[PDB]
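Heads up, the chain below is alone and in the form deposited in one PDB entry; it's given as structure tokens.
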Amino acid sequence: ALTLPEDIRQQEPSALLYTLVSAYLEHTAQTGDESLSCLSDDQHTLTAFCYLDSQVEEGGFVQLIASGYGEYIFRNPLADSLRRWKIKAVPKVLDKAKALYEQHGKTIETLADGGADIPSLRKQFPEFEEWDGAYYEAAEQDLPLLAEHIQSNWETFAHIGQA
């Protein structure tokens, strides 16, 4: 289960909707059995990436971690799944940020559960700021490459469900 922080409310409209759709979808991808969710492995990887991107491009890794799905980003092989698609900069950032998530993750999740807000968590864990910056740089470069991959494997991404 998830509870998105209040700070997301301030986002520009299109960012806010990308954030919400990506979080709702990632939640179904984790929870949902085959009946609830029809996503293939690759569509799952894309889903996790949009969750990551929508969360970090705006609230940083602290915000991502506070939402509580850090394990699905850092312990599942998202970084390696993306590398398999010839995407390298985002995965490297994930590998680097993982050390801070292992160090501070449990504490951040626990405090967010206890009611801590994002501005306060970001004040206590500023170590993630440098990786939030690195992530923005890596995504600027890798978003076009992700799009090329989707464009080159269209059938994998174009179809959902069964008729």
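Counting begins at 1, following the sequence as shown. Only residues modelled in both forms are compared. Whichever C-alpha set is largest while still superposing within 1.5 Å between the two forms counts as the rigid core.
As for the form deposited in another entry, it is not shown, yet the points below apply to it.
*Asks:* Can we say the CA of residue 32 moves by at least 2 Å between this form and the one not shown when the core is superposed?
*Replies:* Yes, shifts by 2 Å or more.
*Asks:* Take the rigid core as the frame of reference and indicate whether the C-alpha of residue 16 shifts by 2 Å or more between this form and the one not shown.
*Replies:* Comparing the forms between this form and the one not shown, which are aligned on their rigid core, residue 16 does shift its C-alpha by 2 Å or more.
*Asks:* Fitting the rigid core first, would the Cα of residue 75 be found 2 Å or more away between this form and the one not shown?
*Replies:* Yes, the C-alpha position differs by at least 2 Å between this form and the one not shown.
*Asks:* Flagged pair residue 55/residue 28: C-alpha distance shifts by 3 angstroms or more in that other deposited form. Which direction, closer or farther?
*Replies:* It is farther: the C-alpha separation of residue 55 and residue 28 rises by at least 3 Å in that other deposited form.
*Asks:* Pin down for me whether the residue 14-residue 44 Cα distance shrinks or grows in that other deposited form relative to this form (closer or farther, change of 3 Å or more).
*Replies:* The answer is closer, because the C-alphas of residue 14 and residue 44 approach each other in that other deposited form by 3 Å or more.
*Asks:* For a shift of 2 angstroms or more at every C-alpha, which runs of three or more consecutive residues qualify between this form and the one not shown, with the core superposed?
*Replies:* After superposing the rigid core, the shifted stretches between this form and the one not shown are 1 to 37, 75 to 77, 160 to 163.
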